[PDB]
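> Dropping a structure here in structure tokens format, bear with me for questions.
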2 protein chains.
Amino acid sequence: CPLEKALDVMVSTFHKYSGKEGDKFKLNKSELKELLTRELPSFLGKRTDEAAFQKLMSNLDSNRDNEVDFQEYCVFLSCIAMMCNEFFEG
Amino acid sequence: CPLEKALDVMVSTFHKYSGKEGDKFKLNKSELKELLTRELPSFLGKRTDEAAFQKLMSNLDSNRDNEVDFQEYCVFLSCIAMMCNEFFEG
Ligand SMILES: [Ca+2]
Ligand SMILES: [Ca+2]
Ligand SMILES: [Ca+2]
Ligand SMILES: [Ca+2]
């Protein structure tokens with residue numbers, strides 16, 4: 001069923017990228033950018049530079065540790081899901 | 001991409017069941033029971049009765065309104081993803 005497939009992909013996608021550099025269960029700035037470019041390309045705006053990307057990183061990383069953990073990653077995904085829920089995305 | 005479709009599917013699955021009866025943007029008892037049974041079957045335990053089910057309902061229904069809105073449904077989904085993000089589910 002797509003929903004369990006969907007939940008599984010959501011979890012899977014986190015590790016596919018988190019365990020490449022450093023802490024294997026957190027996404028560093030480099031790991032987060034590849035995940036967004038490769039997996040959520042439909043959502044990217046027109047600014048692809050590191051400065052623009054850094055602003056976003058700062059938004060997700062609640063506990064301020066220059067990394068995005070799984071908890072933080074789900075929050076982000078839910079925020080995306082809710083945004084897509086409105087009449088007009090944004 | 002997998003993650004994008006996954007998000008799409010998380011959002012649209014909600015509305016495929018919530019709009020069946022009454023408030024079209026919230027799941028009642030029947031709509032939620034249908035959503036779990038048809039979309040998350042791998043996650044079903046042994047008991048299918050009303051009392052075991054309403055136990056789950058009341059946990060999902062944070063705002064006490066006897067129904068599951070989209071926000072509560074996202075929290076539900078986040079929780080499942082975290083459980084799955086363990087060595088032993090549960
Ligand atoms: Ca990492
Ligand atoms: Ca963090
Ligand atoms: Ca309803
Ligand atoms: Ca509710």
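Chains: A, B, ... in order of the structure tokens. Residues: from 1 per chain. Ligands: from 1, in order shown.
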Do you know which residues are at most 7 Å from stretch 69-83 of chain A counting only C-alpha atoms, after dropping those on the same chain fewer than 5 positions away, and could you put them as a compact mmCIF listing (two decimals) with N, CA, C and O atoms, in the first residue's frame?


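And here is the file that came out, part.txt:
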```txt
# COMPACT_ATOMS: atom_id res chain seq x y z
N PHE A 25 23.68 9.53 11.99
CA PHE A 25 22.25 9.63 12.26
C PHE A 25 21.79 11.08 12.26
O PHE A 25 20.65 11.39 12.62
N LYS A 26 22.69 11.97 11.85
CA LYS A 26 22.36 13.37 11.67
C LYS A 26 22.78 13.81 10.29
O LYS A 26 23.75 13.29 9.74
N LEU A 27 22.02 14.74 9.71
CA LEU A 27 22.37 15.35 8.43
C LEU A 27 23.15 16.65 8.62
O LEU A 27 22.64 17.62 9.17
N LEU A 60 15.57 24.79 10.16
CA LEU A 60 15.33 23.39 10.55
C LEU A 60 16.03 22.98 11.85
O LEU A 60 15.43 22.33 12.71
N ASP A 61 17.30 23.35 11.99
CA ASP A 61 18.14 22.96 13.12
C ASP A 61 17.74 23.64 14.44
O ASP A 61 18.45 24.52 14.93
N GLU A 89 0.22 26.81 -2.25
CA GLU A 89 1.49 26.44 -1.60
C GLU A 89 2.44 27.63 -1.38
O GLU A 89 2.92 28.24 -2.34
N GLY A 90 2.70 27.94 -0.11
CA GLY A 90 3.69 28.96 0.25
C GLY A 90 3.29 29.81 1.43
O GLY A 90 2.24 30.45 1.40
N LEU B 7 5.30 12.22 -0.09
CA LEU B 7 4.61 13.36 0.53
C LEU B 7 3.24 13.55 -0.09
O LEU B 7 2.24 13.74 0.60
N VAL B 11 -0.46 13.25 1.92
CA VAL B 11 -1.47 14.30 1.95
C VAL B 11 -2.80 13.85 1.34
O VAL B 11 -3.87 14.10 1.89
N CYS B 74 -0.84 14.13 10.75
CA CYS B 74 0.61 14.30 10.59
C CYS B 74 1.41 13.87 11.82
O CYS B 74 2.45 13.23 11.70
N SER B 78 4.23 10.99 11.87
CA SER B 78 5.53 11.20 12.48
C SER B 78 5.85 10.15 13.55
O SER B 78 6.94 9.58 13.56
```

> How would chain A read as a short mmCIF file (atom, residue, chain, number, x, y, z; two decimals) with N, CA, C and O atoms, in the first residue's frame once least-squares superposed on chain B using all paired C-alpha atoms?


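And here is the file that came out, result.cif:
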```
data_model
loop_
_atom_site.label_atom_id
_atom_site.label_comp_id
_atom_site.auth_asym_id
_atom_site.auth_seq_id
_atom_site.Cartn_x
_atom_site.Cartn_y
_atom_site.Cartn_z
N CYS A 1 10.50 11.55 -8.01
CA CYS A 1 11.33 11.06 -6.88
C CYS A 1 10.44 10.53 -5.77
O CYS A 1 9.49 11.20 -5.36
N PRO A 2 10.74 9.32 -5.27
CA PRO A 2 9.86 8.70 -4.29
C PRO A 2 9.51 9.62 -3.12
O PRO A 2 8.39 9.54 -2.62
N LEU A 3 10.41 10.51 -2.69
CA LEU A 3 10.12 11.31 -1.50
C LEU A 3 8.96 12.30 -1.69
O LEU A 3 8.11 12.44 -0.81
N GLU A 4 8.92 12.97 -2.84
CA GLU A 4 7.79 13.83 -3.17
C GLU A 4 6.57 12.98 -3.48
O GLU A 4 5.44 13.36 -3.16
N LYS A 5 6.78 11.84 -4.12
CA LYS A 5 5.70 10.88 -4.32
C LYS A 5 5.16 10.50 -2.94
O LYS A 5 3.95 10.43 -2.72
N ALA A 6 6.09 10.26 -2.02
CA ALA A 6 5.73 9.85 -0.66
C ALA A 6 4.96 10.94 0.08
O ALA A 6 3.93 10.66 0.69
N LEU A 7 5.46 12.17 0.03
CA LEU A 7 4.77 13.29 0.67
C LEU A 7 3.38 13.47 0.09
O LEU A 7 2.42 13.68 0.83
N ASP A 8 3.28 13.39 -1.23
CA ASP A 8 2.01 13.50 -1.93
C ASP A 8 1.02 12.43 -1.53
O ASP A 8 -0.15 12.72 -1.32
N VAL A 9 1.47 11.18 -1.45
CA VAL A 9 0.57 10.10 -1.06
C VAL A 9 0.07 10.33 0.36
O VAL A 9 -1.11 10.11 0.65
N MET A 10 0.96 10.80 1.23
CA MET A 10 0.63 11.10 2.62
C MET A 10 -0.51 12.11 2.75
O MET A 10 -1.43 11.95 3.55
N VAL A 11 -0.44 13.16 1.94
CA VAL A 11 -1.47 14.18 1.96
C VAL A 11 -2.73 13.64 1.31
O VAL A 11 -3.82 13.71 1.86
N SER A 12 -2.55 13.08 0.12
CA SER A 12 -3.65 12.50 -0.63
C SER A 12 -4.47 11.56 0.24
O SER A 12 -5.70 11.65 0.29
N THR A 13 -3.79 10.66 0.93
CA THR A 13 -4.47 9.61 1.67
C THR A 13 -5.41 10.16 2.73
O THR A 13 -6.42 9.54 3.06
N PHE A 14 -5.07 11.32 3.27
CA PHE A 14 -5.92 11.96 4.27
C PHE A 14 -7.30 12.31 3.71
O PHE A 14 -8.32 12.06 4.34
N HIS A 15 -7.33 12.91 2.52
CA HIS A 15 -8.58 13.38 1.95
C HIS A 15 -9.40 12.27 1.34
O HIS A 15 -10.62 12.32 1.37
N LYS A 16 -8.71 11.27 0.80
CA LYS A 16 -9.37 10.11 0.23
C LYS A 16 -10.41 9.56 1.19
O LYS A 16 -11.42 8.99 0.76
N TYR A 17 -10.17 9.75 2.48
CA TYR A 17 -11.07 9.20 3.51
C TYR A 17 -11.81 10.27 4.33
O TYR A 17 -12.94 10.02 4.76
N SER A 18 -11.20 11.44 4.55
CA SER A 18 -11.79 12.45 5.43
C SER A 18 -13.11 13.03 4.90
O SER A 18 -14.03 13.31 5.67
N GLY A 19 -13.19 13.19 3.58
CA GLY A 19 -14.35 13.79 2.94
C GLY A 19 -15.45 12.83 2.52
O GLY A 19 -16.09 13.03 1.49
N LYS A 20 -15.69 11.80 3.32
CA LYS A 20 -16.77 10.86 3.05
C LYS A 20 -17.99 11.12 3.94
O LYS A 20 -19.11 11.13 3.47
N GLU A 21 -17.75 11.32 5.24
CA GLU A 21 -18.82 11.64 6.18
C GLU A 21 -18.55 12.97 6.90
O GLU A 21 -17.42 13.26 7.29
N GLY A 22 -19.60 13.78 7.05
CA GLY A 22 -19.56 14.98 7.89
C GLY A 22 -18.55 16.03 7.47
O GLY A 22 -18.52 16.45 6.31
N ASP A 23 -17.73 16.47 8.42
CA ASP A 23 -16.65 17.42 8.11
C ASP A 23 -15.69 16.77 7.12
O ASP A 23 -15.14 15.70 7.36
N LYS A 24 -15.50 17.43 5.98
CA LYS A 24 -14.74 16.85 4.89
C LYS A 24 -13.23 16.92 5.10
O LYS A 24 -12.46 16.38 4.31
N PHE A 25 -12.80 17.59 6.17
CA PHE A 25 -11.38 17.81 6.41
C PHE A 25 -10.94 17.22 7.75
O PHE A 25 -9.81 17.43 8.20
N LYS A 26 -11.84 16.46 8.36
CA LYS A 26 -11.53 15.72 9.57
C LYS A 26 -11.92 14.27 9.38
O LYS A 26 -12.87 13.97 8.66
N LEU A 27 -11.16 13.37 10.00
CA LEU A 27 -11.49 11.95 10.01
C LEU A 27 -12.29 11.57 11.26
O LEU A 27 -11.81 11.68 12.38
N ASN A 28 -13.53 11.12 11.06
CA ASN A 28 -14.32 10.61 12.17
C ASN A 28 -13.87 9.18 12.49
O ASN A 28 -13.01 8.63 11.80
N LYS A 29 -14.44 8.58 13.53
CA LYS A 29 -13.97 7.27 13.97
C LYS A 29 -14.10 6.23 12.86
O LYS A 29 -13.24 5.36 12.71
N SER A 30 -15.16 6.35 12.08
CA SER A 30 -15.41 5.41 11.00
C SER A 30 -14.39 5.60 9.88
O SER A 30 -13.83 4.63 9.36
N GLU A 31 -14.14 6.86 9.54
CA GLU A 31 -13.22 7.21 8.48
C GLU A 31 -11.79 6.82 8.84
O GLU A 31 -11.06 6.31 7.99
N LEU A 32 -11.41 7.03 10.09
CA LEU A 32 -10.08 6.64 10.58
C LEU A 32 -9.80 5.13 10.51
O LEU A 32 -8.69 4.71 10.16
N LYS A 33 -10.81 4.33 10.85
CA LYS A 33 -10.67 2.87 10.85
C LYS A 33 -10.48 2.30 9.45
O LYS A 33 -9.70 1.37 9.25
N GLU A 34 -11.20 2.85 8.47
CA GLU A 34 -11.08 2.37 7.11
C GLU A 34 -9.68 2.70 6.59
O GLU A 34 -9.00 1.83 6.03
N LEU A 35 -9.26 3.94 6.81
CA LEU A 35 -7.90 4.36 6.44
C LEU A 35 -6.82 3.44 7.01
O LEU A 35 -5.87 3.08 6.31
N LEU A 36 -6.95 3.05 8.28
CA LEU A 36 -5.97 2.15 8.88
C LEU A 36 -6.04 0.72 8.34
O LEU A 36 -5.01 0.09 8.10
N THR A 37 -7.25 0.22 8.16
CA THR A 37 -7.44 -1.14 7.65
C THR A 37 -6.98 -1.24 6.21
O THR A 37 -6.23 -2.14 5.86
N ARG A 38 -7.41 -0.31 5.37
CA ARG A 38 -7.07 -0.29 3.94
C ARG A 38 -5.61 0.10 3.60
O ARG A 38 -5.00 -0.47 2.69
N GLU A 39 -5.06 1.07 4.32
CA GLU A 39 -3.79 1.68 3.93
C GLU A 39 -2.58 1.22 4.74
O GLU A 39 -1.48 1.09 4.21
N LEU A 40 -2.78 1.00 6.04
CA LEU A 40 -1.71 0.57 6.93
C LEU A 40 -2.01 -0.79 7.54
O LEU A 40 -1.92 -0.96 8.76
N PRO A 41 -2.37 -1.77 6.71
CA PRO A 41 -2.69 -3.11 7.20
C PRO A 41 -1.50 -3.81 7.86
O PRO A 41 -1.70 -4.69 8.70
N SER A 42 -0.28 -3.44 7.48
CA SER A 42 0.91 -4.10 8.03
C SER A 42 1.09 -3.82 9.51
O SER A 42 1.83 -4.52 10.20
N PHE A 43 0.39 -2.80 9.99
CA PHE A 43 0.66 -2.26 11.30
C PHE A 43 -0.38 -2.70 12.30
O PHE A 43 -0.20 -2.54 13.50
N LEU A 44 -1.48 -3.24 11.80
CA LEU A 44 -2.59 -3.63 12.64
C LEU A 44 -2.20 -4.80 13.53
O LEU A 44 -1.50 -5.72 13.10
N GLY A 45 -2.63 -4.75 14.78
CA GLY A 45 -2.47 -5.87 15.68
C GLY A 45 -3.62 -6.85 15.52
O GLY A 45 -4.40 -6.76 14.56
N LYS A 46 -3.74 -7.75 16.49
CA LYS A 46 -4.71 -8.85 16.43
C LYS A 46 -6.11 -8.50 16.96
O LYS A 46 -7.05 -9.26 16.75
N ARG A 47 -6.25 -7.36 17.64
CA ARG A 47 -7.56 -6.92 18.10
C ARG A 47 -8.17 -5.93 17.12
O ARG A 47 -7.64 -4.84 16.92
N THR A 48 -9.27 -6.32 16.49
CA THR A 48 -9.85 -5.49 15.44
C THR A 48 -11.18 -4.86 15.86
O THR A 48 -11.77 -4.08 15.12
N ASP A 49 -11.61 -5.19 17.07
CA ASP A 49 -12.87 -4.70 17.64
C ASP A 49 -12.91 -3.19 17.84
O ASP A 49 -11.87 -2.52 17.78
N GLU A 50 -14.10 -2.66 18.09
CA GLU A 50 -14.30 -1.22 18.26
C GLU A 50 -13.73 -0.67 19.57
O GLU A 50 -13.30 0.48 19.62
N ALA A 51 -13.75 -1.48 20.62
CA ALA A 51 -13.18 -1.08 21.91
C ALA A 51 -11.68 -0.79 21.79
O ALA A 51 -11.20 0.25 22.22
N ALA A 52 -10.94 -1.73 21.20
CA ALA A 52 -9.50 -1.57 20.97
C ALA A 52 -9.26 -0.35 20.10
O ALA A 52 -8.39 0.47 20.38
N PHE A 53 -10.04 -0.24 19.04
CA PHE A 53 -9.89 0.87 18.14
C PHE A 53 -10.18 2.19 18.84
O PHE A 53 -9.57 3.21 18.53
N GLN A 54 -11.11 2.17 19.78
CA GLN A 54 -11.50 3.40 20.46
C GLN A 54 -10.36 3.94 21.31
O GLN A 54 -10.18 5.15 21.42
N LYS A 55 -9.60 3.05 21.92
CA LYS A 55 -8.47 3.46 22.75
C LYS A 55 -7.48 4.29 21.91
O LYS A 55 -7.06 5.37 22.33
N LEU A 56 -7.14 3.78 20.72
CA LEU A 56 -6.26 4.48 19.79
C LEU A 56 -6.82 5.84 19.36
O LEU A 56 -6.12 6.85 19.42
N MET A 57 -8.07 5.85 18.91
CA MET A 57 -8.72 7.09 18.55
C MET A 57 -8.49 8.15 19.62
O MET A 57 -8.13 9.29 19.32
N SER A 58 -8.69 7.78 20.87
CA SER A 58 -8.55 8.71 21.99
C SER A 58 -7.12 9.24 22.11
O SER A 58 -6.91 10.36 22.57
N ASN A 59 -6.15 8.44 21.70
CA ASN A 59 -4.75 8.85 21.76
C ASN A 59 -4.44 9.94 20.73
O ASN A 59 -3.82 10.96 21.04
N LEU A 60 -4.88 9.72 19.49
CA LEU A 60 -4.63 10.66 18.39
C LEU A 60 -5.36 12.00 18.54
O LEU A 60 -4.77 13.06 18.31
N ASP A 61 -6.64 11.94 18.90
CA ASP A 61 -7.50 13.12 18.99
C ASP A 61 -7.15 14.05 20.17
O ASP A 61 -7.88 14.11 21.15
N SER A 62 -6.04 14.77 20.04
CA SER A 62 -5.49 15.61 21.11
C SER A 62 -6.47 16.64 21.63
O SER A 62 -6.66 16.79 22.84
N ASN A 63 -7.09 17.39 20.72
CA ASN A 63 -7.97 18.48 21.11
C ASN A 63 -9.37 18.00 21.52
O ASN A 63 -10.28 18.79 21.70
N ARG A 64 -9.51 16.68 21.65
CA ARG A 64 -10.73 16.06 22.16
C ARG A 64 -12.00 16.49 21.44
O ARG A 64 -12.89 17.06 22.07
N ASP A 65 -12.11 16.22 20.15
CA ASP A 65 -13.32 16.57 19.42
C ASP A 65 -13.89 15.40 18.63
O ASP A 65 -14.58 15.58 17.64
N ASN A 66 -13.61 14.19 19.09
CA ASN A 66 -14.09 12.99 18.41
C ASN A 66 -13.83 13.00 16.90
O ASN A 66 -14.60 12.42 16.14
N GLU A 67 -12.75 13.67 16.49
CA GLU A 67 -12.29 13.63 15.11
C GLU A 67 -10.77 13.80 15.04
O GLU A 67 -10.16 14.35 15.96
N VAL A 68 -10.19 13.32 13.95
CA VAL A 68 -8.76 13.51 13.68
C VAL A 68 -8.57 14.43 12.48
O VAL A 68 -8.92 14.08 11.36
N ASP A 69 -8.04 15.63 12.73
CA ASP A 69 -7.82 16.58 11.67
C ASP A 69 -6.47 16.33 10.99
O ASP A 69 -5.77 15.37 11.34
N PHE A 70 -6.11 17.15 10.02
CA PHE A 70 -4.89 16.93 9.28
C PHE A 70 -3.68 17.06 10.20
O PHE A 70 -2.78 16.22 10.18
N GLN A 71 -3.66 18.11 11.01
CA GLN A 71 -2.57 18.32 11.96
C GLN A 71 -2.31 17.04 12.78
O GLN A 71 -1.19 16.54 12.83
N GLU A 72 -3.37 16.54 13.41
CA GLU A 72 -3.31 15.34 14.22
C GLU A 72 -2.85 14.10 13.44
O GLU A 72 -2.19 13.21 13.97
N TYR A 73 -3.21 14.07 12.16
CA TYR A 73 -2.89 12.96 11.28
C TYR A 73 -1.38 12.90 10.96
O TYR A 73 -0.78 11.82 10.86
N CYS A 74 -0.76 14.08 10.81
CA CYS A 74 0.68 14.16 10.54
C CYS A 74 1.50 13.74 11.74
O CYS A 74 2.54 13.09 11.59
N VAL A 75 1.04 14.15 12.92
CA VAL A 75 1.67 13.79 14.19
C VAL A 75 1.71 12.28 14.31
O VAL A 75 2.75 11.70 14.59
N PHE A 76 0.56 11.66 14.08
CA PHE A 76 0.45 10.22 14.05
C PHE A 76 1.42 9.57 13.08
O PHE A 76 2.09 8.60 13.44
N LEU A 77 1.48 10.07 11.86
CA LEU A 77 2.39 9.56 10.85
C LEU A 77 3.84 9.70 11.29
O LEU A 77 4.60 8.76 11.14
N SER A 78 4.21 10.86 11.83
CA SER A 78 5.57 11.07 12.37
C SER A 78 5.89 10.13 13.52
O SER A 78 7.03 9.66 13.66
N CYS A 79 4.90 9.86 14.36
CA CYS A 79 5.10 8.92 15.45
C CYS A 79 5.36 7.54 14.88
O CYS A 79 6.21 6.82 15.37
N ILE A 80 4.61 7.17 13.85
CA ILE A 80 4.87 5.91 13.20
C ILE A 80 6.30 5.92 12.66
O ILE A 80 7.06 4.99 12.91
N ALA A 81 6.66 6.98 11.95
CA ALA A 81 7.98 7.05 11.32
C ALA A 81 9.10 6.91 12.34
O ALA A 81 10.10 6.26 12.09
N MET A 82 8.92 7.52 13.51
CA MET A 82 9.94 7.46 14.55
C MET A 82 10.05 6.08 15.18
O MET A 82 11.16 5.57 15.40
N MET A 83 8.90 5.48 15.47
CA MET A 83 8.83 4.11 15.93
C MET A 83 9.62 3.20 14.99
O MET A 83 10.47 2.44 15.43
N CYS A 84 9.36 3.29 13.69
CA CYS A 84 10.09 2.48 12.71
C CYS A 84 11.57 2.81 12.69
O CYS A 84 12.34 2.10 12.06
N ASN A 85 11.95 3.88 13.37
CA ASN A 85 13.34 4.32 13.36
C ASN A 85 14.21 3.62 14.41
O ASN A 85 15.44 3.57 14.30
N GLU A 86 13.56 3.08 15.44
CA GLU A 86 14.27 2.43 16.53
C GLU A 86 14.79 1.06 16.09
O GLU A 86 14.49 0.62 14.97
N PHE A 87 15.57 0.41 16.95
CA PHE A 87 16.11 -0.92 16.65
C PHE A 87 14.99 -1.97 16.57
O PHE A 87 15.04 -2.88 15.75
N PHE A 88 13.98 -1.81 17.42
CA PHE A 88 12.91 -2.76 17.53
C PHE A 88 11.56 -2.03 17.61
O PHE A 88 11.27 -1.38 18.61
N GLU A 89 10.75 -2.14 16.56
CA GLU A 89 9.47 -1.42 16.45
C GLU A 89 8.50 -1.73 17.60
O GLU A 89 8.03 -2.86 17.75
N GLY A 90 8.20 -0.71 18.41
CA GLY A 90 7.19 -0.83 19.46
C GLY A 90 7.55 -0.09 20.74
O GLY A 90 8.59 -0.37 21.33
#
```

> Please give the complete set of residues from chain B that DSSP, run on the backbone, assigns to strand (DSSP E or B), formatted as a ChimeraX atom specification.

/B:26-27,68-69

> Put those residues in a file: N, CA and C atoms, as a compact mmCIF listing (two decimals), in the first residue's frame.


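Contents of the output file part37.txt:
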```txt
# COMPACT_ATOMS: atom_id res chain seq x y z
N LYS B 26 -11.80 16.14 8.33
CA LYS B 26 -11.45 15.43 9.56
C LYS B 26 -11.95 14.00 9.46
N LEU B 27 -11.22 13.07 10.07
CA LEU B 27 -11.63 11.68 10.11
C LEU B 27 -12.48 11.38 11.35
N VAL B 68 -10.21 13.26 13.96
CA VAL B 68 -8.80 13.45 13.69
C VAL B 68 -8.64 14.40 12.53
N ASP B 69 -8.11 15.59 12.81
CA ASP B 69 -7.83 16.53 11.75
C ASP B 69 -6.48 16.23 11.13
```

> Report the residues of chain A whose backbone DSSP state falls under helix (DSSP H, G or I), written as number ranges by chain.

A: 2-18, 29-39, 41-43, 50-60, 70-83

> Selection from above, C-alpha atoms, as a compact mmCIF listing (two decimals), in the first residue's frame, can you write it?


```txt
# COMPACT_ATOMS: atom_id res chain seq x y z
CA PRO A 2 1.45 3.36 -1.03
CA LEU A 3 1.08 4.81 2.50
CA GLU A 4 3.40 2.27 4.15
CA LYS A 5 5.57 2.49 1.05
CA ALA A 6 5.46 6.24 1.63
CA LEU A 7 6.34 6.04 5.33
CA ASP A 8 9.15 3.63 4.52
CA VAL A 9 10.63 5.86 1.83
CA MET A 10 10.46 8.79 4.26
CA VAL A 11 12.52 6.94 6.85
CA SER A 12 14.79 5.32 4.30
CA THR A 13 15.60 8.62 2.65
CA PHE A 14 16.95 10.03 5.90
CA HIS A 15 19.64 7.37 6.30
CA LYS A 16 20.53 7.18 2.63
CA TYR A 17 22.16 10.57 3.22
CA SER A 18 22.78 10.98 6.98
CA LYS A 29 24.83 20.93 5.88
CA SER A 30 26.39 19.02 2.99
CA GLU A 31 24.22 15.95 3.53
CA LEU A 32 21.04 18.05 3.80
CA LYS A 33 21.69 19.87 0.50
CA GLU A 34 22.20 16.68 -1.51
CA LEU A 35 19.01 15.20 -0.05
CA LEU A 36 17.05 18.31 -1.10
CA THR A 37 18.62 18.58 -4.56
CA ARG A 38 18.32 14.85 -5.34
CA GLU A 39 15.01 13.97 -3.64
CA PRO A 41 13.91 18.91 -6.67
CA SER A 42 10.31 20.03 -7.31
CA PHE A 43 10.45 22.24 -4.27
CA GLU A 50 25.20 28.36 -0.04
CA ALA A 51 23.99 31.61 1.57
CA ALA A 52 20.35 30.90 0.64
CA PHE A 53 20.77 27.32 1.69
CA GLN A 54 22.27 28.40 5.00
CA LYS A 55 19.18 30.41 5.92
CA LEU A 56 17.03 27.26 5.56
CA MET A 57 19.48 25.09 7.49
CA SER A 58 19.19 27.53 10.38
CA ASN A 59 15.40 27.21 10.32
CA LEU A 60 15.33 23.39 10.55
CA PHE A 70 15.70 12.51 12.48
CA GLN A 71 13.30 14.33 14.79
CA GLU A 72 14.03 17.64 13.04
CA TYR A 73 13.73 15.94 9.65
CA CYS A 74 10.16 14.71 10.34
CA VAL A 75 9.08 18.17 11.49
CA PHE A 76 10.37 19.55 8.21
CA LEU A 77 8.52 16.89 6.24
CA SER A 78 5.28 17.58 8.16
CA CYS A 79 5.71 21.29 7.50
CA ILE A 80 6.04 20.50 3.82
CA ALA A 81 2.97 18.27 4.00
CA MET A 82 0.91 21.00 5.67
CA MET A 83 2.05 23.67 3.22
```
